[PDB]
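To start, the structure under review is shown below, and the notes come after it.
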RNA sequence: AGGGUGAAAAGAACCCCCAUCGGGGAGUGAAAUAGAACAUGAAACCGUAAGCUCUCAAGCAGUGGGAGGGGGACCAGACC
RNA sequence: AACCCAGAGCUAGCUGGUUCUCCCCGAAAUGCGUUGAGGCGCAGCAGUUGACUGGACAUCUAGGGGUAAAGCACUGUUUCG
RNA sequence: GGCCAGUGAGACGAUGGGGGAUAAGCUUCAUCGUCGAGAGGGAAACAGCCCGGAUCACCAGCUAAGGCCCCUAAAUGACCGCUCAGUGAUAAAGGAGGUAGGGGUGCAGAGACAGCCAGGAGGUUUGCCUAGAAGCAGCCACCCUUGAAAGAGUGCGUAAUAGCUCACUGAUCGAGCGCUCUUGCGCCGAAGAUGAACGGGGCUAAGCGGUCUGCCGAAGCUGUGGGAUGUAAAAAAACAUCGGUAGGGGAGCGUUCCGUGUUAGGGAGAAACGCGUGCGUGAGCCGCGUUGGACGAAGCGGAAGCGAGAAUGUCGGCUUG
RNA sequence: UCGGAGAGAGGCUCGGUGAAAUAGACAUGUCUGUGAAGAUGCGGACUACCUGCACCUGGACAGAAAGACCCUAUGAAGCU
RNA sequence: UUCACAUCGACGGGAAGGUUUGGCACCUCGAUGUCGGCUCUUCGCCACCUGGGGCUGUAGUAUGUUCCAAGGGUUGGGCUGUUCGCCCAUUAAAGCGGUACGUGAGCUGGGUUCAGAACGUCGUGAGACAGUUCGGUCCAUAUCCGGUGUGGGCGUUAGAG
RNA sequence: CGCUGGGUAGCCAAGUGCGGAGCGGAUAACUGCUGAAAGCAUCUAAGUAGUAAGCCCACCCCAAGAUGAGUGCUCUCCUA
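What follows is the structure, given as structure tokens:
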């Protein structure tokens, strides 16, 4: 799961870590989008693109 | 897949090998299959005038043995840039490639050549 | 060391190949994919045929994830 | 100082092996003796069964033995003046 | 207190002491923990070190130790500073203004230090010793004079002198210089055996030191379900235990035979092999196809010569070189 | 001391007959390090197409031999 | 001579390496054959000779010490079972050490803990003694790993020379 | 081969012939110049020049089975 996202992080913009990403949802209030639900990267990458703009707004 | 071109001149070497070994594997794309090969076919153009940032350029290491009684044939970094400057970046990314027989395929997807050129104008660089 | 084909042997004429060793048929019997090595006859071992994997890949090598391929599915539904 | 049979399947605190399954708890390799120390007996430690506000951690009160440290009047050593 | 045990040559790490050179995973005692009778995570690979100590399933989260460039998941994240050794990935006494930070002291435009120019005298050729030694083998003495300065005196040198240089002082240029103390990171001293005392690549940074945040990360923990043992209340809530050798204790399956059976199942048919991979905690059971040829046997109990892949086993058959 | 050549019986190839010591299982490379501390099978790394024949023959603490050496067990067998 | 360090260097000290002498005796007495010689080597280093250099109480020719470097090379005999060592005669010099003191699944097996026998010594004796002496059977057509060489196929892709 | 003697081809030797080199790139020890910090001085800290039989290369054999399986020349096949 971590590797799946890792390969998806080296393209967006948050070249930092996916940890801060998880931190965003944590500090936010999203108990969803788990390591297993990370399948949004491969298929329908349009949904995983939304959270990308929601993590920055929070932190 | 696609093909990308990168210039290796100011690069201090090594720091690039870890940034290129990810493209020839798909560690940057949707790599959802560690058992299957994928990624971009990024290749170096120069890799001959590549930097090093350090005094190791004249006393690095680079050792190999042919199993012969003598062997031990050791060479300094300064020699690599003198002879067969094409294996100065290859051998570098090789140790960065996972597995042994599978990761080898990812190695055949990277060319360095001399520099300022490349016989790959038919793959849309 | 070495047990019992079948109820009774009718335990195999004749025919074909071979050196008138051996076998296959024709017949007998409910059965010889029971016939003198013979009942039911597994395993170790030794082969043929079929599907898959198999030359740039190594370490008691299975296991977890897992593509493709030869078949079997359900009037998709993604499985054996 | 035999061959064969018989008591002797002699003896063998030696060594090796010791063939279905689940549940619960759980050792020791120390002491005291042993011509005894690769052996065991008793006790300690383990399991089972039948009786007992019996114990353990922590706080407080209430003593001694006197290591470390220090000292070194005394015992045994010790340089300068 | 009673029944059945097992085990008495254990090992290692930390700590406190005897033996040995306070040399050994060496040996002999005490104490704690681990291994030994519990995995796993981490130290590359090392049972005994560290974390945590496994009823089970689960493409479920959060953590410990250890880490976060790639190779195996995870910060070439932020701020300040040093090292620039690749030291960090072995190694001492000792040696060197390699170097950062803090404090203090001596000389110093009545002008110091480096450099340049010049002087560096006389008695004492000193005494003693010696073949000789007149700064300069050695011993003793080491005061005095003339001056701006010059010690009967450092190193070289001669058979003995001579000669050169130095201590000291003046002039010139001319500005701060030199030497210690406390403290951090480093250099040389480190050469031995088929190439590798960072896991590899690689690296001056993903080094180290100080501060802060997040994450990777164990059958740990949390969460849900299933199985097993034990305990009162009670609208309500369920807590906790389950690694395991030798051993102890508590429950069962299956095999041959017998009693209950010439009842019932079978020639519309045991046995040998497959399959349904359903079922039980498990060894297995049930049903069934094929082959095959005869009986076997449901349930409880009773009586057993009660199921071994190893005892250089035994018998027979069959591979390999 | 530098041995060479040649003639025979084997060795090599083919035809016929036709063994053994031994062996838990194999898809049983090297090296450094590590490991009850001189393993190919651990870890890292390097090297390396799959499979025979002939020969040389170090490794697998190879094979045969529960060693005749030492010690242990108040064993045994002879002798003085 | 003088002068401490050309060379050497007392009283003492700090380390490296590791082949000596020991301890340990951790893994092997259901065993891994001891030494030496012979045959054939491999690696490292504080290499003796050849080469490149500093100092030298180094004039030269020749030496002493130290640093880098081993690329290579590095002896025939008398006596003994001996490594070693001694001796005679050379070479530029005629090295050390590890590799279970290289090497017996190769030879040699001369020495030495197998049975015989004899002298000296010890015990009354049987015997014994890290004293000496004579004689005294140690096998094997090897699969694999690892080598010296040479083939059978296939893959490099249209098939071959 | 009974003994003994000589000898062609080939095979070997005490036979014959030849290479172990020089010349380069880059260095160890050391010798260097100019010139810093420590306005002197000093091999550098910054810039350069010499330097052994070591290393690389030069000579020789193998060598794209170095499957990152190259390069160059030439030849054969266009029936449904």
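Residue numbers (PDB author numbering), protein chains in the order written: chain BS, 61 to 119; chain BL, 112 to 236. Virtual Cβ for every residue (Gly too), placed ideally from N, Cα, C.
Query	Result
If contact is defined by three or more beta carbon pairs under 8 Å, each pair taking one atom from either stretch, is the stretch 162-169 of chain BL in contact with the stretch 121-135 of chain BL?	yes
Residue 289/BL to residue 221/BL, Cα distance in whole Å?	This structure does not reach residue 289/BL, given that chain BL is present from 112 up to 236, and the question cannot be answered.
Mind listing, in chain order, the continuous beta strand (DSSP E) runs of no fewer than 3 residues lying wholly within the stretch 66-105 of chain BS?	none
Where does residue 189/BL land, buried or exposed, given buried means 16+ other C-beta within 10 angstroms?	exposed
Let me check one thing: in DSSP terms, what residues is residue 117/BL bridge-paired to?	155/BL
Of all the options 204/BL, 143/BL, 193/BL, 175/BL, which has the alpha carbon lying nearest to the alpha carbon of residue 126/BL?	204/BL
DSSP on residue 198/BL, reduced to helix/strand/coil?	helix
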